[PDB]
Amino acid sequence: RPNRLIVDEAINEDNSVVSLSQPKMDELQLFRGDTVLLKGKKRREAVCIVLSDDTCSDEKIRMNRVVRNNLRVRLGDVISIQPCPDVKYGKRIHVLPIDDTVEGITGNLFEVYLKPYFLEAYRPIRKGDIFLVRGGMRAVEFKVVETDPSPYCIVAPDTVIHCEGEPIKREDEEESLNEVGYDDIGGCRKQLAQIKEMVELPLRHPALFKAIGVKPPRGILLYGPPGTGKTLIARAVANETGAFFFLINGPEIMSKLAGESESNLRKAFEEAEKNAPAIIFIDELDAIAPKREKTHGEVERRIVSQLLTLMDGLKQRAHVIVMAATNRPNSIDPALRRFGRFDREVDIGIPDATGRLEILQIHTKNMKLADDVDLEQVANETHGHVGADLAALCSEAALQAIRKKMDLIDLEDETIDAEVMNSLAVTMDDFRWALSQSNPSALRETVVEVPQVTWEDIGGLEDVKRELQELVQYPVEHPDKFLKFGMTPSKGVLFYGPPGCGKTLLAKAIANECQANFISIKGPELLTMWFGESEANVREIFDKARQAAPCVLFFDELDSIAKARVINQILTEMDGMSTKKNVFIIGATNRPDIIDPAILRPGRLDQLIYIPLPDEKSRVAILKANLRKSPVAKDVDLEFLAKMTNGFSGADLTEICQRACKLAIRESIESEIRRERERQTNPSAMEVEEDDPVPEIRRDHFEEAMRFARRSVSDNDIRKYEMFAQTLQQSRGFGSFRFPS
Amino acid sequence: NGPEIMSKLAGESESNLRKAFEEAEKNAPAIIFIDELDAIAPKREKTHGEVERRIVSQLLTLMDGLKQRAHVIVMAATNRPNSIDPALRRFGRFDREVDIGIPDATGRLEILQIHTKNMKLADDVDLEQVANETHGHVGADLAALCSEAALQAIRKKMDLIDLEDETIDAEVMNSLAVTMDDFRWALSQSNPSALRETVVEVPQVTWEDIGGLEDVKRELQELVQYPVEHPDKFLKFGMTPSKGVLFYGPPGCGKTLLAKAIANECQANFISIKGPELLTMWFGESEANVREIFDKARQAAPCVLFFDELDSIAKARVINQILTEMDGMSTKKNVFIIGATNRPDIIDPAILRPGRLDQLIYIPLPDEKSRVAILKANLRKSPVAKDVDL
Amino acid sequence: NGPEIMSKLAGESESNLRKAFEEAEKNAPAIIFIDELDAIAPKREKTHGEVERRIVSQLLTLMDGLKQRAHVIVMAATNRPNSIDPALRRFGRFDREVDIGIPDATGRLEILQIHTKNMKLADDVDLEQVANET
């Protein structure tokens, strides 16, 4: 579609002028004296007269700076140009000096800055246009805020003046830059795409959506842990299109008196239908509508009923949707989770590591940075922070970088010199100081992301890998062929084996191969439910996984609650879970005989995969996996470590590499305690050649650390699990028969 | 409306209810409907303030102040009929009670036939296919399912319906029809169903799903078929019927698949509560929470409520409540209680006392002419080569 | 003061808090101090009436309605930081938290050096002796 063109630099000084190309004249049919609208970023536009020149390229417009800034476009971004035949003369655009280069002149300046500048051009000026006028070494920009014609105006010199107000400072610009775009959000990208598909496609097209018969959503809960900018995503979804925003703050409508708060909610809902198809956002919905237990007085119940009535009294013709944001979607009064009021529900949870990059890219935008700083390094580090925690992290790093310069920035420096204000950049160890020493993270809860441990982290075990492929890979990667002959899929296996053979490290591997989501609740997170008698508190971790349907929720030592229940609730939700969703439940254990036989009943956990001790071609993979970080000398052999440690568990040779690491750190601090202990310390023959005694683990560090190796599992327990494998059937019967001819 | 008369101020809501009742006698023999009655009349535990009790008393007075000459009836709709203030479940106020429960599979067809009325459909779409699929949705869930299928069909065409197409061309507005895999996408990948509770419908497993066992079949005919299909001949010589047997046998010999078969033959209704749904009552000490599943079955009187591994609550109670309602249940209703177990010796001997569970039918392992029927039953879906012998 | 704004009548205490916050922006970049915050904002269990919840919501709104251009910070002081309504421990309202705990022995010296400033002392008195003691 020949509408959008790239923008490059210009030479000319004339203003409200856009450059079109001369080889393409007959498609547009507009001559020189026609007014046009120019589409810019973040849904803000400007108007111009055209210039037809040859100095522009074929797809590139040469335009001046102030309308490049009113469209908010920079080098590479692509803008649109369109004709607008509604050009007309107007009365009293409201100019206002928004610059500090007025130099304290007041009164009528408009006889030398306005009237000779606008004429003999038919200058089109839109509301919010930021054109400047320079006169007498005074570059004052006149941003109009009140235009009686619509949308733009042509200034007449016969227009009477109205300029009694006072020129103001940069705050009116600061309440217009927070008409934010999609770029100001990270860490919730897939959910932003989902909520965009839920909201904007009704909002941008309200005609064919009602004409087809698809229902617009009437309520979207933005639930999730606090501080991740749940209101910022509502302002983003609003201001990216022609949507009106309205922010019903939570406790602000509870701060009012009795009876008047219902009038506040009625005014808030009436101002939605006053404006366009709009969007109202009610943050902290639990403060005005908690669960019915925490409703002591009657005024909260009256306000909750008023909100329910105002929600149900909506129209399909109103085209206004409502959003809210709590922490956990069981913490709302469940009367308003019914149909027609709040049906859809999206989880802007905690961001993952790759989503944690851009959320501090947007916070380190306006700061000077060093070279040693690596945002990927702090990305894979701090796995458990939220976006406001990262803002506090950046703020504390800035304070640490200021604090390390206060030895020469003294208090006697009253008028502060601007040398530090353009020559200070935060470096890497300041980030490490602000991250490790300070900022306790505000996060404990479950996490949902794909894992990253590949299949070559535990090599071998090809039978277990092939079985897990047939049980997890195929009902996701090939859903149609399962309905060819209609075999219903299974719903999860039960791993069992000795402690520390890579049970969890294998259960994450199929999630990493399928690119499926993965939660992980453990034993201690399990039995704290029934130590506190929260037996009916697994429904939320089940439908958390159902919210991210390609998932594998992984229990861990689920026989630990059989130390004598919550098995009965974990079973009734396993049966209540439908099978079309591909969520699988793989649990692991260490004593598979103490487990409840009802959970091994066919229908909920059928297969019993036995993870043995790691074999020869696997222990070379585990030693090649734990040695990813630490450098190893090339003469250090690991294949010789394979056929020397036969019956060692996987959790045991992860210790002997931590033992050889600990021994090499002992040799390094041993060297650094005698390097500075120089007697007859001559300043001559300086340390331009460093010692560097142990830049990697040597062979004798391994040969000394190997002498403290110890097998954790005995021979009596591997013999116990083999006896459990034969207590299990594994074709306990005939075998090797054939069919008659 | 329910919360709309609770959104008003104090005292004026009683005037709203008085205006609402007076406008009934203003017009013809009429019908007033009060949705979400629990919001204005919850159980007496959840009445903290006094204004709710005044409104509840006002509703009770306006209900009892009706006339037989007024010819106006009142309706209300809650979720569960124990969640109302039981003062207004008395006589003269709310006597009758009907259960518009979750629809079955054959009732699920027309409820999306009415939702796909104004849409263009393809040929690969089969409403019977989505009918026997999604057994646990409600009608608003199916409206959301149809809406999400329409959104999926729009979303698969946005590669050529671009944002630069400002004035939208009407070509898609008369040439787009949702097809089968869009319904499968909206059903399987999305729409978590808003339903867990019990279900009431006739089953569909016939008698040839477990062939043979003719002695057990003949006994179940004499114990279930005859007090329904021939109620008058039982009063000829006046033998009182029994009230249910106790199946017992090895795990997985088609106990439940047999207990559904007599329900399918009698065309009687069938609920099914299981072991884990049983012992979660007394893990939470909800021992007096079986009255509702008994009179749920009494609401659908030709029914066979089927327990399953009812010795699982004998892992050490709710047996005492399940017994006192079994004795309290009248015998003119033909509701039978057939329970199954795997360890019939650990069971409580009070439940085998003659009067509540008398017969003890022993389901053995399936014999020769039955295993051919089970392999001819599990192979209904998947195609099998003709040279494969069963 | 904490209980002083709870000693007022209903409705007028919110006007007291609004006056207190408005007098901050009346003056310079300032600092308001609310001692005994649990008396006006306890945990949600110990909120029987509705007036405490209205006052807590008023404080939350006045806290969130601040500006980066106002340059006024707020301080509070309770005994244990679980004894406050955890709605106001969120981000943007009360993020940082410092522990002025019990002083140690070497910190116990100067805290009675400032109390024995205006008294005549003998020679046998040893403040280090009462420092490592008590």
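Cut-offs and rules
- Residues numbered from 1 in each chain as written, not as in the entry; some residues may be left out.
- Chains lettered and ligands numbered in written order.
- Part of a larger assembly, values for the part shown.
- Heavy atoms only, no water.
- Helix = DSSP H or I, 4+ residues; strand = E, 2+ residues; numbered from the N terminus.
- Buried < 20%, exposed > 50% of the residue type's maximum accessible area, 1.4 Å probe, protein only.
- Contact = heavy atoms within 4.5 Å.
- UniProt positions renumbered as here; feature names shortened; annotations may be inferred.
- Salt bridge = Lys/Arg side-chain N within 4 Å of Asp/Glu carboxyl O.
- Polar contact = N/O pair within 3.5 Å; in protein donor to acceptor, adjacent residues only side chain to side chain.
- Nonpolar A, V, L, I, M, F, W, Y, C, P; charged D, E, K, R; others polar.
- Pairing = 2+ DSSP bridges.
- Axes fitted to C-alpha atoms, helices over the stretch in contact; angles between N-to-C directions.
- Patch = residues over 30% accessible without salt bridge, like charges linked within 9 Å, V, L, I, M, F, W, Y side chains within 5 Å.
- Areas by Shrake-Rupley, 256 points an atom, 1.4 Å probe, with all protein chains shown as cover.
- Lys, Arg positive; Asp, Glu negative; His and termini not counted.
- Charge placed at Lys NZ, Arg CZ, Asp CG, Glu CD.

> Quick question: what am I supposed to make of unusual backbone geometry here?
Excluding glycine, a negative phi dihedral is what most residues carry, and trans is how most peptide bonds are arranged. All names here are of chain A. Omega for the peptide link from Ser-150 to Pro-151 comes to -5 degrees, which places this bond in the cis form. When you line up the elements, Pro-151 lands in the loop between strand 9 (139–141) and strand 10 (152–154). At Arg-43, a residue that is not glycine, the phi angle is positive and equals roughly 60 degrees. Along the polypeptide, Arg-43 turns up in the loop between strand 3 (35–39) and strand 4 (46–53). Positive phi, normally seen in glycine, also occurs at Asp-692, with a value near 50 degrees. Within the secondary structure layout, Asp-692 lies in the loop between helix 22 (656–675) and helix 23 (699–705).

> What's the story with the side chain of A:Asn582 in this structure? I'm lost.
All names here are of chain A. Checked against the element boundaries, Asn-582 lands in the loop between helix 19 (567–576) and strand 17 (584–586). Its relative accessible area of 17% is what places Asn-582 among the buried residues. Those residues in contact with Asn-582 that sit more than four places away from it in its chain are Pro-475, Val-476, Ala-549, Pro-550 and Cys-551.

> For this particular structure, what's the right way to read the UniProt feature "binding site: ATP 2" in chain A?
Residues and elements named next belong to chain A. In this structure's numbering, the residues bearing the UniProt feature "binding site: ATP 2" are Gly-500, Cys-501, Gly-502, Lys-503, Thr-504 and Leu-505. In this view, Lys-503 contacts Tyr-496, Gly-497, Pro-498, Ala-588, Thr-589 and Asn-590; residues no more than four positions away in its chain are not counted. Tracing the sequence through the fold places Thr-504 in helix 16 (residues 503–514). With residues near it in sequence (within four places) discarded, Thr-504 still touches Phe-554 and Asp-556.

> Help me understand the interface of chain B and chain A, please; the structure alone is not making it clear to me.
You'll often see interface size given as the accessible area lost when the parts meet. Of the residues lining the interface, 42 residues belong to chain B; the matching set on chain A comes to 38 residues. Taken together, chain B and chain A are joined by 6 salt bridges. Between A:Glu573 and B:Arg196 there is a salt bridge, and its shortest N-O distance comes to 2.7 Å. Linking chain B to chain A there are 12 residue pairs in polar contact. At the level of elements, helix 6 (139–155), helix 7 (180–189) and helix 10 (275–283) of chain B are the ones that each hand at least two residues to the side of chain B that touches chain A. Here the side of chain B that touches chain A is composed, by residue class, of 19 nonpolar, 9 polar and 14 charged.

> I'm lost on the UniProt feature "binding site: ATP 1" in chain A in this one. Help?
Under the UniProt annotation, "binding site: ATP 1" lies at A:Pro226, A:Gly227, A:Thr228, A:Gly229, A:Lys230, A:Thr231, A:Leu232, A:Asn327 and A:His363. These residues run over 138 residues, and the two farthest C-alpha atoms among them are 23.9 Å apart, placing them at more than one spot. Along the chain, A:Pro226 turns up in the loop between strand 11 (220–223) and helix 7 (230–239). Those residues within four positions of A:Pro226 in sequence are excluded, and the remaining contacts are A:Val386, C:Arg90 and C:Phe91. Here A:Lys230 lies in helix 7. According to the relative accessible area criterion, A:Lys230 is buried, its value standing at 8%. Leave out the neighbours within four places in its chain, and A:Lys230 touches A:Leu222, A:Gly224, A:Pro225, A:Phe281, A:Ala325, A:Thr326, A:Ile348 and C:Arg90.

> Can you walk me through the sheet that holds strand 6 (residues 78–83) of chain A in this structure?
Backbone hydrogen bonds hold the strands of a sheet together, and the pairing may be parallel or antiparallel. Residues and elements named next belong to chain A. The mixed open sheet is built from 6 strands, whose spatial order is 2-4-3-6-1-5. Edge positions in the sheet fall to strand 2 (17–21) and strand 5 (60–62), since each of these pairs with one other strand and no more. Neighbour to neighbour, the strand axes of the sheet diverge by 50 degrees on average, direction disregarded. Two strands pair when backbone bridges link them, and strand 3 and strand 4 are joined in this way by 4 bridges, in the antiparallel orientation. Within strand 4, the residue paired with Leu-37 across the bridge is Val-47.

> How should a negative patch on the surface be read in this particular structure?
Residue and element names in this part refer to chain A. Together, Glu-672, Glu-676, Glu-678, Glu-689, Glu-690 and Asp-692 make up a negatively charged patch on the protein surface. Relative to the helices and strands, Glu-672 resides in helix 22. The class of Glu-672 is partly exposed, set by a relative accessible area of 36%.

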